[PDB]
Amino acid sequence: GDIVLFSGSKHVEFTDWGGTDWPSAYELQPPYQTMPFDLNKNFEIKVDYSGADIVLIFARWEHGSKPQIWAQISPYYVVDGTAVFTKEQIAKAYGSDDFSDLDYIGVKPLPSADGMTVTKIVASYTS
């Protein structure tokens, strides 16, 4: 089925890079927050958005001899104000589909004059 991770009107201002921080529309940290969906299923994440281009981040912080992963992905495709990200695209960027060490999931804008607004985020299982 379909899991709503957010619905409303979340605005993010971000007019240029080069500042230090990169603000988000939505974030999860799996080691610290009970999960709203199960990463082990085959899933897609769909985001209704406008105002800026959008990326999805899966990240693992550096630990020991294992490097930081910063899996920044563009949509698998966009259609009708909606970006679709798939698990198999995410796994290719993450280097595997093993999320047992995943530290961070973030939805972020690219720079724009107007800011990005997200109105809905859903996880859908395709298994």
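Each residue number is its position in the shown sequence, starting from 1.
Comparing 116 to 124 with 1 to 9, the higher mean C-alpha B-factor in the PDB entry belongs to 1 to 9.
Taking only CA atoms, the mean B-factor in the PDB entry is higher for 19 to 27 than for the other of 19 to 27 and 106 to 114.
Comparing C-alpha B-factors across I73, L39, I69, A52 in the deposited entry, the largest value falls on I73. When all modelled residues of the chain are sorted by CA temperature factor, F43 is found within the highest third. When all modelled residues of the chain are sorted by CA temperature factor, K87 is found within the middle third. When the modelled residues of the chain are ordered by C-alpha B-factor, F99 sits in the middle third.
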